[PDB]
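Single chain ahead, by itself, as structure tokens, in the form deposited in one PDB entry.
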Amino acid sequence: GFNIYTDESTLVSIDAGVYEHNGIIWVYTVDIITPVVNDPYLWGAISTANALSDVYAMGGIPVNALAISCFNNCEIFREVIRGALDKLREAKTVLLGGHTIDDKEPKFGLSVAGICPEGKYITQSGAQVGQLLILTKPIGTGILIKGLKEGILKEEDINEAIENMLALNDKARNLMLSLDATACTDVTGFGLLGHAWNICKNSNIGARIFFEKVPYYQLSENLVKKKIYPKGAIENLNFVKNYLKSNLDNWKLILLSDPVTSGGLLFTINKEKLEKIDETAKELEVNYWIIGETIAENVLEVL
């Protein structure tokens, strides 16, 4: 008889993007990293957790993925894939295959596709003034990873960091969504200050972070005080310098700028949500730290 049918879709690309089609939202991300530990299996697992986090940070549910590496261009990859498969299985994400890239520097990662149901798509631009900044994993891995490279540390010294890098941000995403977070991102290569600033620039606001409230590995502090830290840290710190307000020692600023690998989620929530955060977090079995709040002035304050 009489029939009416409509179809609509939108694609936004910034192999990264967001796709909406008749009510469903898909997010696509790509993330590849250089070895962080001298164990192929751990590298595959960590790289996978790191890549999936791009999706979790958007409130997404990872669905499938493609392995990406410099194969042939850079037996070890067999262990790398084994580690990636285990982490993917834990994440209930399907590996659809792999793509080789032209690069001589050893790198591995994934391109991931996820879904954001009921329009629950979270960006880095919805933050408002007077909200709390919540972080779900410690920082300082960059410092530890360098310590390893310099032969100052051994893997056994940083098992806590490795355990955190291995951890999926699925529980963190659930906490973030449960508290109706207005903005979210994960903490990786740009450091805690860099990613916080990303939220500040895209939301047109500023942030106040309290160093004493930021979780980090004791060993990261010990190493940074002895001038042991990655270059990315200096690059990150300088990137926010023209917007940074702080009278804290340089080592604290370097620590806060240290490139993180497979870090936790960094998101903003209203002060009222503070009433249920601990209980919600406990039920979900995920850690959280309240590190500061957003301000109107477009600067980054650290005290």
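We call the rigid core the largest set of C-alpha positions that still match within 1.5 Å between the two forms. All residue numbers are counted from 1 along the displayed sequence.
Unmodelled deposited residues between residue 129 and residue 130, binned: None; the chain is continuous from residue 129 to residue 130.
Please classify the coordinate gap between residue 14 and residue 15 in terms of deposited residues: none, 1 to 3, 4 to 9, or 10 or more. Gap between residue 14 and residue 15: 1 to 3 unmodelled residues.
Looking at the entry, does 59-67 or 244-252 show the higher mean C-alpha B-factor? Comparing averages over the C-alpha atoms only gives 244-252.
Higher average CA B factor in the deposited record is what I'm after, so tell me if that's 94-102 or 188-196. Comparing averages over the C-alpha atoms only gives 94-102.
Choose from 109, 142, 117, 215 the residue with the greatest Cα B-factor as stated in the PDB record. Of 109, 142, 117, 215, 117 has the highest C-alpha B-factor.
Given 174, 220, 125, 136, identify the residue with the highest C-alpha B factor in the PDB entry. The C-alpha B-factor peaks, among 174, 220, 125, 136, at 125.
Taking the C-alpha B-factors as the PDB entry records them, is residue 265 in the lowest, middle or highest third of its chain? Its C-alpha B-factor belongs to the lowest third of this chain's values.
Compare the C-alpha B factor of residue 7 with those of the other modelled residues in its chain, then answer lowest, middle or highest third. Residue 7: CA B-factor falls in the middle third of its chain.
Residue 167 - Cα temperature factor, lowest/middle/highest third of chain: Ranked within chain, residue 167 CA B lands in the lowest tercile.
When the deposited Cα B-factors of this chain's modelled residues are ordered and cut into thirds, is residue 51 in the lowest, the middle or the highest one? It falls in the bottom third of the chain.
Going by what the PDB entry lists, where does residue 29 fall on CA B-factor within its chain: lowest, middle or highest third? Residue 29: CA B-factor falls in the lowest third of its chain.
Another form, the form deposited in another entry, is not on view; read the next lines as being about it.
Residue showing a 2 Å-or-more C-alpha displacement between this form and the one not shown once the rigid core is overlaid, selected from 221, 160, 180, 103: Flagged residue: 103.
Cα-Cα shift for residue 111 and residue 7, closer or farther in the other entry, minimum 3 Å: Closer together, which means the C-alphas of residue 111 and residue 7 are at least 3 Å nearer in the other entry.
Taking the shown form as the reference, report whether the CA atoms of residue 101 and residue 55 lie closer or farther apart in the other entry; the distance changes by 3 angstroms or more. Compared with the form shown here, the C-alpha atoms of residue 101 and residue 55 sit farther apart in the other entry, by 3 Å or more.
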